[PDB]
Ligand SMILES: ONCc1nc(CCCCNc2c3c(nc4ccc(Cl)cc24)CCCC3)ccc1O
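Let's start with one chain on its own, the form deposited without this ligand, as structure tokens.
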């Protein structure tokens, strides 16, 4: 049967699903690890024990335990990101979409969801891999991994909560793909991992980590890189946050043994209710439990690894959205509201700057403010709002990705860069937010191809171009068709630094994406904070 597959872990029974008036196979909720429950909470994952009989993979699995956004009850804009399945610590499963008839050895794409390392689900409507699997004829895989304290609590030195276990969950899923995707028609030697935000940072982390490198061929990073200021912390800060978490739950803090044991007795929602109380600063775009530079998953500092070429050398495709920061300002900066133009005063602008660059001394805050203020029109509400939006995006997403791309390209085998600046016609978020963080995802997964979702014809065409760029890159290492007549996406080189815009207009090539600001954030500011 087309829906029956015998893997090395046991037999699996999938289901046939309709897609654009056709059909493909779907294998949902395939376990790739032992449920990290009880004494296993905080521990590295263990392989799923083989099973006899047939595993019923016709329905989505549970979502990992996580914080749930309730800032806008009912609102589809925010709820489309919340878990759509029951949450459970038993959540290490993966999903596979296979073309029909089943391929013999086709290109594989493994999606790693984002969510700031504190949230995310592989089962969201926006991540339905059936469209992309069907349209581009690829085996689409989406995995899951522990988030929040459950996946990143780090007490370096102990084996009970070493940290980075969430990344190890991802690696384990990749290991399963490498060992079993051949039975689903996938070519294990041609797997492209791709992700957005924390997922994009994760992809970059597997490129850097020696233990993950041999598990995939190519990579795509969307609005996220390993070196982002929010993507990782030192073992010292990790330890400090783990202890403070224990303090919020009145735990015995005399030893790691004591702390860990007390934390394992807590219900999941108990850790979640106090998770945000451990941040060191009043801030925006900063998360509690994230990856840690431990000396194991990451041999040394990320900067020294990038400088020495200590990473997987292959082809990469990556880029960012025009307005990465608006989302975090809406939720945490004074002056911003979902239902108003959010024109910001001078007062709130500087309040916003302090929140965006929490680690900065006064000289630093002044440098940022001077860099993003137009002194010929400083009380212009729209300029201050957009200035703040740019700060959050440049500091947290764009400038760190540009640092990565430039460092990577010196040792890589091919880089392709994009700048997504199309605002979807059916967006429910206000206009001032622009091309929002995470909204390029729907074009990558091809939602615009479904008439009932209400996109325009140019947005459907844009989605097909993007799906074809992503899949062609996954297959060949080049997003362009060999003998095509279409416009060519130039290769990003150390010298020209070319990139393209991604919208419904005729392709335009540019150079040095936001260089002026990137030099400020990557060269000047760090130098200033270190000297003062």
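Residues that one form lacks are left out of the comparison. Residue numbers count along the first chain shown, from 1. Think of the rigid core as the biggest set of C-alphas that the two forms share within 1.5 Å after superposition.
Another form exists, deposited with this ligand bound; not displayed. Remarks below refer to it.
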*Would residue 118 count as touching this ligand in the deposited complex under a 4.5 Å heavy atom rule?*
yes
*asked:* With a cut-off of 4.5 Å between heavy atoms, is residue 318 one of the residues that contacts this ligand in the deposited complex?
replied: no
*Is residue 304 one of the residues lying within 4.5 Å of this ligand in the deposited complex, judged by heavy atom distances?*
no
*Does this ligand come within 4.5 Å of any heavy atom of residue 159 in the deposited complex?*
no
*this ligand in the deposited complex: within 4.5 Å of a heavy atom of each of 67, 276 and 331?*
yes
*Which pick from 405, 167, 173, 284 sits with a heavy atom within 4.5 Å of this ligand in the deposited complex?*
284
_Going by heavy atom distances of 4.5 angstroms or less, which of 71, 337, 254, 379 would be at the interface with this ligand in the deposited complex?_
71
*If we take heavy atoms and a 4.5 Å cut-off, which stretch out of 180 to 188, 276 to 284, 381 to 389, 131 to 139 is in contact with this ligand in the deposited complex?*
276 to 284
*Superposed on the rigid core, segments between the shown form and the other one of at least 3 residues with Cα shifts of 2 Å or more*: 281 to 285
